[PDB]
$ cat entry-v1.cif   # mmCIF, N, CA and C atoms
data_work
#
loop_
_atom_site.group_PDB
_atom_site.id
_atom_site.type_symbol
_atom_site.label_atom_id
_atom_site.label_comp_id
_atom_site.auth_asym_id
_atom_site.auth_seq_id
_atom_site.Cartn_x
_atom_site.Cartn_y
_atom_site.Cartn_z
ATOM 1 N N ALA A 1 0.937 -9.980 -26.620
ATOM 2 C CA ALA A 1 0.376 -10.858 -27.684
ATOM 3 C C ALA A 1 -1.049 -10.412 -28.016
ATOM 4 N N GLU A 2 -1.196 -9.272 -28.631
ATOM 5 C CA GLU A 2 -2.560 -8.790 -28.981
ATOM 6 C C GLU A 2 -2.527 -8.124 -30.357
ATOM 7 N N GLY A 3 -3.269 -8.642 -31.294
ATOM 8 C CA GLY A 3 -3.281 -8.037 -32.654
ATOM 9 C C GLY A 3 -3.750 -6.586 -32.560
ATOM 10 N N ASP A 4 -4.621 -6.297 -31.631
ATOM 11 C CA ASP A 4 -5.120 -4.901 -31.485
ATOM 12 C C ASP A 4 -4.182 -4.115 -30.564
ATOM 13 N N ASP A 5 -3.040 -3.724 -31.060
ATOM 14 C CA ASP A 5 -2.083 -2.951 -30.215
ATOM 15 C C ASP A 5 -1.699 -3.778 -28.982
ATOM 16 N N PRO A 6 -0.525 -3.508 -28.459
ATOM 17 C CA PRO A 6 -0.012 -4.201 -27.278
ATOM 18 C C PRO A 6 -0.669 -3.637 -26.013
ATOM 19 N N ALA A 7 -1.239 -2.466 -26.107
ATOM 20 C CA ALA A 7 -1.897 -1.860 -24.917
ATOM 21 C C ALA A 7 -3.217 -1.215 -25.342
ATOM 22 N N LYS A 8 -4.083 -1.969 -25.964
ATOM 23 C CA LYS A 8 -5.387 -1.397 -26.399
ATOM 24 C C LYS A 8 -6.010 -0.622 -25.238
ATOM 25 N N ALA A 9 -5.642 -0.952 -24.029
ATOM 26 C CA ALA A 9 -6.207 -0.232 -22.856
ATOM 27 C C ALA A 9 -5.907 1.263 -22.988
ATOM 28 N N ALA A 10 -4.653 1.632 -23.003
ATOM 29 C CA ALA A 10 -4.311 3.074 -23.133
ATOM 30 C C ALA A 10 -4.949 3.626 -24.402
ATOM 31 N N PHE A 11 -4.954 2.866 -25.457
ATOM 32 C CA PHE A 11 -5.572 3.367 -26.710
ATOM 33 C C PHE A 11 -6.923 4.002 -26.376
ATOM 34 N N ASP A 12 -7.716 3.346 -25.566
ATOM 35 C CA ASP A 12 -9.042 3.917 -25.193
ATOM 36 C C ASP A 12 -8.840 5.116 -24.261
ATOM 37 N N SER A 13 -7.824 5.078 -23.440
ATOM 38 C CA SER A 13 -7.574 6.217 -22.507
ATOM 39 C C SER A 13 -6.868 7.353 -23.258
ATOM 40 N N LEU A 14 -5.591 7.195 -23.540
ATOM 41 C CA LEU A 14 -4.846 8.266 -24.265
ATOM 42 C C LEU A 14 -5.717 8.839 -25.391
ATOM 43 N N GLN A 15 -6.488 8.015 -26.063
ATOM 44 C CA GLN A 15 -7.353 8.552 -27.150
ATOM 45 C C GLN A 15 -8.562 9.217 -26.514
ATOM 46 N N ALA A 16 -9.111 8.611 -25.500
ATOM 47 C CA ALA A 16 -10.276 9.217 -24.821
ATOM 48 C C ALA A 16 -9.946 10.649 -24.490
ATOM 49 N N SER A 17 -9.287 10.833 -23.429
ATOM 50 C CA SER A 17 -8.889 12.208 -23.012
ATOM 51 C C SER A 17 -7.631 12.618 -23.783
ATOM 52 N N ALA A 18 -7.781 13.201 -24.946
ATOM 53 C CA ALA A 18 -6.574 13.599 -25.727
ATOM 54 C C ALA A 18 -6.640 15.086 -26.095
ATOM 55 N N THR A 19 -7.170 15.397 -27.245
ATOM 56 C CA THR A 19 -7.256 16.827 -27.671
ATOM 57 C C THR A 19 -7.997 16.915 -29.008
ATOM 58 N N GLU A 20 -7.498 16.254 -30.027
ATOM 59 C CA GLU A 20 -8.188 16.286 -31.359
ATOM 60 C C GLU A 20 -9.643 15.911 -31.157
ATOM 61 N N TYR A 21 -10.003 14.734 -31.505
ATOM 62 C CA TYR A 21 -11.351 14.308 -31.288
ATOM 63 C C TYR A 21 -11.466 13.921 -29.814
ATOM 64 N N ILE A 22 -10.375 14.074 -29.057
ATOM 65 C CA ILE A 22 -10.410 13.730 -27.609
ATOM 66 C C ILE A 22 -11.189 12.453 -27.433
ATOM 67 N N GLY A 23 -10.873 11.439 -28.222
ATOM 68 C CA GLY A 23 -11.616 10.147 -28.122
ATOM 69 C C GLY A 23 -13.088 10.478 -28.000
ATOM 70 N N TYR A 24 -13.555 10.599 -26.809
ATOM 71 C CA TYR A 24 -14.953 10.979 -26.603
ATOM 72 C C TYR A 24 -15.245 11.002 -25.120
ATOM 73 N N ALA A 25 -14.295 11.457 -24.355
ATOM 74 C CA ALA A 25 -14.487 11.546 -22.897
ATOM 75 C C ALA A 25 -14.620 13.020 -22.527
ATOM 76 N N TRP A 26 -14.071 13.890 -23.340
ATOM 77 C CA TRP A 26 -14.150 15.355 -23.054
ATOM 78 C C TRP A 26 -15.497 15.714 -22.416
ATOM 79 N N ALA A 27 -16.522 14.995 -22.737
ATOM 80 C CA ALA A 27 -17.846 15.302 -22.154
ATOM 81 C C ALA A 27 -18.463 14.021 -21.606
ATOM 82 N N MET A 28 -18.824 13.124 -22.472
ATOM 83 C CA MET A 28 -19.435 11.864 -22.033
ATOM 84 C C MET A 28 -18.685 11.300 -20.821
ATOM 85 N N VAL A 29 -17.417 11.603 -20.681
ATOM 86 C CA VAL A 29 -16.652 11.055 -19.519
ATOM 87 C C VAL A 29 -17.310 11.490 -18.202
ATOM 88 N N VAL A 30 -17.596 12.753 -18.058
ATOM 89 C CA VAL A 30 -18.232 13.233 -16.800
ATOM 90 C C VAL A 30 -19.715 12.878 -16.816
ATOM 91 N N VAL A 31 -20.282 12.734 -17.977
ATOM 92 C CA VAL A 31 -21.720 12.385 -18.056
ATOM 93 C C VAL A 31 -21.936 11.008 -17.431
ATOM 94 N N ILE A 32 -21.453 9.973 -18.062
ATOM 95 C CA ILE A 32 -21.640 8.620 -17.500
ATOM 96 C C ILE A 32 -20.965 8.510 -16.164
ATOM 97 N N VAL A 33 -19.701 8.796 -16.067
ATOM 98 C CA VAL A 33 -19.052 8.682 -14.740
ATOM 99 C C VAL A 33 -19.925 9.385 -13.719
ATOM 100 N N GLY A 34 -20.730 10.309 -14.159
ATOM 101 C CA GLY A 34 -21.638 10.987 -13.208
ATOM 102 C C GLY A 34 -22.643 9.946 -12.740
ATOM 103 N N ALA A 35 -23.235 9.251 -13.673
ATOM 104 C CA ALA A 35 -24.218 8.195 -13.323
ATOM 105 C C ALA A 35 -23.501 7.002 -12.649
ATOM 106 N N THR A 36 -22.446 6.468 -13.247
ATOM 107 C CA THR A 36 -21.752 5.314 -12.612
ATOM 108 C C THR A 36 -21.299 5.702 -11.203
ATOM 109 N N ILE A 37 -20.392 6.629 -11.105
ATOM 110 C CA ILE A 37 -19.894 7.062 -9.763
ATOM 111 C C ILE A 37 -21.032 7.688 -8.957
ATOM 112 N N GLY A 38 -22.100 8.027 -9.607
ATOM 113 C CA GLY A 38 -23.253 8.649 -8.890
ATOM 114 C C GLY A 38 -23.991 7.569 -8.122
ATOM 115 N N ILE A 39 -24.756 6.768 -8.804
ATOM 116 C CA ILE A 39 -25.480 5.681 -8.112
ATOM 117 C C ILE A 39 -24.453 4.756 -7.462
ATOM 118 N N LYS A 40 -23.202 4.877 -7.847
ATOM 119 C CA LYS A 40 -22.156 4.004 -7.243
ATOM 120 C C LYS A 40 -21.868 4.481 -5.819
ATOM 121 N N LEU A 41 -21.131 5.545 -5.684
ATOM 122 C CA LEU A 41 -20.805 6.064 -4.324
ATOM 123 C C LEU A 41 -22.087 6.225 -3.502
ATOM 124 N N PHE A 42 -23.185 6.506 -4.143
ATOM 125 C CA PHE A 42 -24.461 6.685 -3.392
ATOM 126 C C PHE A 42 -24.984 5.323 -2.920
ATOM 127 N N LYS A 43 -25.407 4.491 -3.833
ATOM 128 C CA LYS A 43 -25.944 3.151 -3.440
ATOM 129 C C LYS A 43 -24.792 2.167 -3.174
ATOM 130 N N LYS A 44 -23.586 2.648 -3.041
ATOM 131 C CA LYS A 44 -22.444 1.723 -2.778
ATOM 132 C C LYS A 44 -22.535 1.216 -1.336
ATOM 133 N N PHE A 45 -22.948 2.059 -0.432
ATOM 134 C CA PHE A 45 -23.063 1.637 0.991
ATOM 135 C C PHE A 45 -23.672 2.780 1.803
ATOM 136 N N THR A 46 -24.536 3.551 1.197
ATOM 137 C CA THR A 46 -25.164 4.689 1.923
ATOM 138 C C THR A 46 -24.162 5.843 2.017
ATOM 139 N N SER A 47 -23.103 5.785 1.250
ATOM 140 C CA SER A 47 -22.084 6.877 1.290
ATOM 141 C C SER A 47 -20.770 6.365 0.694
ATOM 142 N N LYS A 48 -19.921 5.804 1.512
ATOM 143 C CA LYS A 48 -18.622 5.281 1.003
ATOM 144 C C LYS A 48 -18.514 3.793 1.337
ATOM 145 N N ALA A 49 -18.943 3.410 2.509
ATOM 146 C CA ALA A 49 -18.871 1.975 2.900
ATOM 147 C C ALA A 49 -19.686 1.757 4.175
ATOM 148 N N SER A 50 -20.683 2.571 4.400
ATOM 149 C CA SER A 50 -21.514 2.411 5.627
ATOM 150 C C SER A 50 -22.568 1.328 5.392
#

$ encode --input "entry-v1.cif" --output "structure tokens"
Amino acid sequence: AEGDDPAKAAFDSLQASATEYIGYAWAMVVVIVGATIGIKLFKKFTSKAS
């Protein structure tokens, strides 16, 4: 029950990492995930869960 596609979630994914305009993860994906997963795994617990 969603006017914006039944799976807007994949829309952002399948479109993100695709090929044409590759949504916009082809690069920015590793850029931010670098910062998110960066300060994340790092300040998450001194490593993974310590």

$ atom_distance --input "entry-v1.cif" --atom1 "atom N of residue 28 in chain A" --atom2 "CA of residue 12 in chain A"
13.7 Å

$ residues_around --input "entry-v1.cif" --residues "residue 48 in chain A" --least-positions-apart "4" --cutoff "12 Å" --atoms "only C-alpha atoms" --output "list in words"
residues 37, 38, 39, 40, 41, 42, 43 and 44 of chain A

$ write_last_selection --input "entry-v1.cif" --atoms "N, CA and C atoms" --output "short mmCIF file (atom, residue, chain, number, x, y, z; two decimals), keeping the file's coordinate frame"
data_model
loop_
_atom_site.label_atom_id
_atom_site.label_comp_id
_atom_site.auth_asym_id
_atom_site.auth_seq_id
_atom_site.Cartn_x
_atom_site.Cartn_y
_atom_site.Cartn_z
N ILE A 37 -20.39 6.63 -11.10
CA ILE A 37 -19.89 7.06 -9.76
C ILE A 37 -21.03 7.69 -8.96
N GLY A 38 -22.10 8.03 -9.61
CA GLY A 38 -23.25 8.65 -8.89
C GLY A 38 -23.99 7.57 -8.12
N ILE A 39 -24.76 6.77 -8.80
CA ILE A 39 -25.48 5.68 -8.11
C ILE A 39 -24.45 4.76 -7.46
N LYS A 40 -23.20 4.88 -7.85
CA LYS A 40 -22.16 4.00 -7.24
C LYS A 40 -21.87 4.48 -5.82
N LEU A 41 -21.13 5.54 -5.68
CA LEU A 41 -20.80 6.06 -4.32
C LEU A 41 -22.09 6.22 -3.50
N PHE A 42 -23.18 6.51 -4.14
CA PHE A 42 -24.46 6.68 -3.39
C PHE A 42 -24.98 5.32 -2.92
N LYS A 43 -25.41 4.49 -3.83
CA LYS A 43 -25.94 3.15 -3.44
C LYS A 43 -24.79 2.17 -3.17
N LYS A 44 -23.59 2.65 -3.04
CA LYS A 44 -22.44 1.72 -2.78
C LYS A 44 -22.54 1.22 -1.34
#

$ atom_distance --input "entry-v1.cif" --atom1 "CA of residue 27 in chain A" --atom2 "CA of residue 6 in chain A"
26.9 Å

$ decode --input "entry-v1.cif" --residues "range 17-35 of chain A" --atoms "N, CA and C atoms" --output "mmCIF file, in the first residue's frame"
data_model
loop_
_atom_site.group_PDB
_atom_site.id
_atom_site.type_symbol
_atom_site.label_atom_id
_atom_site.label_comp_id
_atom_site.auth_asym_id
_atom_site.auth_seq_id
_atom_site.Cartn_x
_atom_site.Cartn_y
_atom_site.Cartn_z
ATOM 1 N N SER A 17 23.037 1.349 -7.033
ATOM 2 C CA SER A 17 24.074 0.542 -7.736
ATOM 3 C C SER A 17 23.448 -0.101 -8.978
ATOM 4 N N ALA A 18 23.464 0.577 -10.099
ATOM 5 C CA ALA A 18 22.850 -0.017 -11.321
ATOM 6 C C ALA A 18 23.857 -0.026 -12.477
ATOM 7 N N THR A 19 23.853 0.997 -13.285
ATOM 8 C CA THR A 19 24.802 1.048 -14.438
ATOM 9 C C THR A 19 24.650 2.388 -15.163
ATOM 10 N N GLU A 20 23.465 2.691 -15.643
ATOM 11 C CA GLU A 20 23.247 3.997 -16.348
ATOM 12 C C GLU A 20 23.748 5.115 -15.456
ATOM 13 N N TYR A 21 22.873 5.817 -14.841
ATOM 14 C CA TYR A 21 23.291 6.850 -13.945
ATOM 15 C C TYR A 21 23.687 6.173 -12.633
ATOM 16 N N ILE A 22 23.605 4.839 -12.588
ATOM 17 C CA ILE A 22 23.985 4.104 -11.350
ATOM 18 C C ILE A 22 23.461 4.860 -10.157
ATOM 19 N N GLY A 23 22.194 5.243 -10.193
ATOM 20 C CA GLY A 23 21.610 6.017 -9.057
ATOM 21 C C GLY A 23 22.623 7.065 -8.652
ATOM 22 N N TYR A 24 23.455 6.738 -7.729
ATOM 23 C CA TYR A 24 24.506 7.671 -7.322
ATOM 24 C C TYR A 24 25.304 7.054 -6.196
ATOM 25 N N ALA A 25 25.525 5.774 -6.282
ATOM 26 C CA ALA A 25 26.314 5.080 -5.250
ATOM 27 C C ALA A 25 27.662 4.706 -5.858
ATOM 28 N N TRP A 26 27.710 4.571 -7.161
ATOM 29 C CA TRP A 26 28.990 4.204 -7.842
ATOM 30 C C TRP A 26 30.188 4.853 -7.138
ATOM 31 N N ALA A 27 29.994 5.988 -6.551
ATOM 32 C CA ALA A 27 31.117 6.659 -5.862
ATOM 33 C C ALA A 27 30.673 7.075 -4.465
ATOM 34 N N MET A 28 29.789 8.022 -4.386
ATOM 35 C CA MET A 28 29.311 8.491 -3.080
ATOM 36 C C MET A 28 29.043 7.301 -2.150
ATOM 37 N N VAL A 29 28.724 6.151 -2.692
ATOM 38 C CA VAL A 29 28.439 4.976 -1.813
ATOM 39 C C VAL A 29 29.656 4.672 -0.928
ATOM 40 N N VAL A 30 30.820 4.588 -1.508
ATOM 41 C CA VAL A 30 32.034 4.292 -0.700
ATOM 42 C C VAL A 30 32.470 5.554 0.038
ATOM 43 N N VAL A 31 32.133 6.696 -0.483
ATOM 44 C CA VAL A 31 32.524 7.957 0.191
ATOM 45 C C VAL A 31 31.847 8.024 1.559
ATOM 46 N N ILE A 32 30.553 8.187 1.588
ATOM 47 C CA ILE A 32 29.853 8.263 2.886
ATOM 48 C C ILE A 32 30.021 6.980 3.647
ATOM 49 N N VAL A 33 29.673 5.860 3.087
ATOM 50 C CA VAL A 33 29.846 4.605 3.854
ATOM 51 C C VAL A 33 31.243 4.593 4.443
ATOM 52 N N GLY A 34 32.146 5.319 3.849
ATOM 53 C CA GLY A 34 33.510 5.381 4.417
ATOM 54 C C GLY A 34 33.401 6.108 5.748
ATOM 55 N N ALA A 35 32.754 7.242 5.738
ATOM 56 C CA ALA A 35 32.573 8.022 6.988
ATOM 57 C C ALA A 35 31.608 7.282 7.943
#
